[PDB]
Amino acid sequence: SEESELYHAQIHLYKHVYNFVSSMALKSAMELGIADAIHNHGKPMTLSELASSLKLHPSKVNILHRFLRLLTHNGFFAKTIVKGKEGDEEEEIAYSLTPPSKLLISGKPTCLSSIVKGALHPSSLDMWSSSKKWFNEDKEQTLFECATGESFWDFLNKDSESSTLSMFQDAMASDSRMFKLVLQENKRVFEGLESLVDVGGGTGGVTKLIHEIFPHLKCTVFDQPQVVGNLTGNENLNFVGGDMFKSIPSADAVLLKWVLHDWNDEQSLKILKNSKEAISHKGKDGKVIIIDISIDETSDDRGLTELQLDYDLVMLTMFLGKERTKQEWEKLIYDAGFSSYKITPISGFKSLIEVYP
């Protein structure tokens, strides 16, 4: 027969069709403030208690229940049994948070809420209804532009989209501070360093975070003359204006945070070569630190690769941008003259790459 494969095949097909539902359910849990509700309660919450805290109309309680059932199954909540109140009520299910949902508790350094809201915002999703036309047109543009008629950036700067613009900014600011946790969780990367040059460090926001964890590290914020201006620092902070394609101030290490993903291979190679020279004096002790995405298709964590590819598609459909695979990074690294490198997964699906001369 071999056609009896139909079932095993349908299952796989349907699971991918209805996956979107799990995202919408996560979106709902964060917009309803369920995490904060449970967190503020202080202990497992029952349906009714949660419903009361959310101030739901009675008819919306069973809806809350349904979403909860799915979210619980997806690991965003844990079910517990708690006896009712005053004899009559028997036993009730109580919901507790899990590591994933704790990332939804507002007012905390770990809150990824703004990113969940932004990633699943209509401005992120609605454009897909234009996907077929987008594939079949002759104009080269983002899916967002194809569906909207304008670039995402322009759309955001509209006055009628001010709130959306804030939301997006909240997502970035959140993505930026998430880097502090990256430093805290990977001190080993910076421990033996006496100096570090932050390429494209702009006005020093990133270096400031670096100093919040490594205050003795001599950091140099390197960027264009016009961006760094006359900016001054202190004993362990200085600003240098130049062109990274010509040279990079020397230091024990070169940090390239979200810098190379905006450049093609040719331009990225130059930057990496100037980075190797920037650490040459330190010999084999120097290192270059790259912070960008790295997709490893051979990884055994298929789910992670899928997530990385998923994000890659978002970059594609919204900005026509791209993320590199582990292999593309390896080629740049070796073509640049480096000897070895080490990839450390950070922030759920991003990467921290240590490159050695």
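Start at 1 and count along the sequence shown; that's the residue number.
Point to revise | Between 230-238 and 85-93 (mean CA B-factor, as deposited), the higher | key: Taking the mean C-alpha B-factor of 230-238 and of 85-93, the larger value falls to 85-93.
Check your understanding: In the PDB record, does 168-176 or 189-197 carry the higher mean Cα temperature factor?
Key -> The stretch with the larger mean CA B-factor is 168-176.
Review point. Looking at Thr72, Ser101, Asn157, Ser275, which has the biggest Cα B factor in the entry?
Key: Result of the comparison over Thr72, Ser101, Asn157, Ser275: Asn157.
Review point. Which of these has the highest Cα B-factor in the record: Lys139, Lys257, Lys218, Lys282?
Key: Highest C-alpha B-factor among the listed options: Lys282.
Practice item. Please place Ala336 in the lowest, middle or highest third of its chain by C-alpha B factor as given in the entry. Key: Its C-alpha B-factor belongs to the middle third of this chain's values.
Check your understanding: Mind checking which third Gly205 falls in for C-alpha B-factor across the chain?
Key -> For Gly205, whose C-alpha B-factor we compare with every modelled residue in the chain, the answer is the lowest third.
Check your understanding: Taking the C-alpha B-factors as the PDB entry records them, is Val21 in the lowest, middle or highest third of its chain?
Key -> As the PDB entry reports it, the C-alpha B-factor of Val21 lands in the lowest third of its chain.
Check your understanding: Going by the entry, which third of its chain does the Cα temperature factor of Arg324 land in?
Key -> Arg324: CA B-factor falls in the lowest third of its chain.
Review point. Among the chain's modelled residues, which third holds the C-alpha B-factor of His261?
Key: For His261, whose C-alpha B-factor we compare with every modelled residue in the chain, the answer is the highest third.
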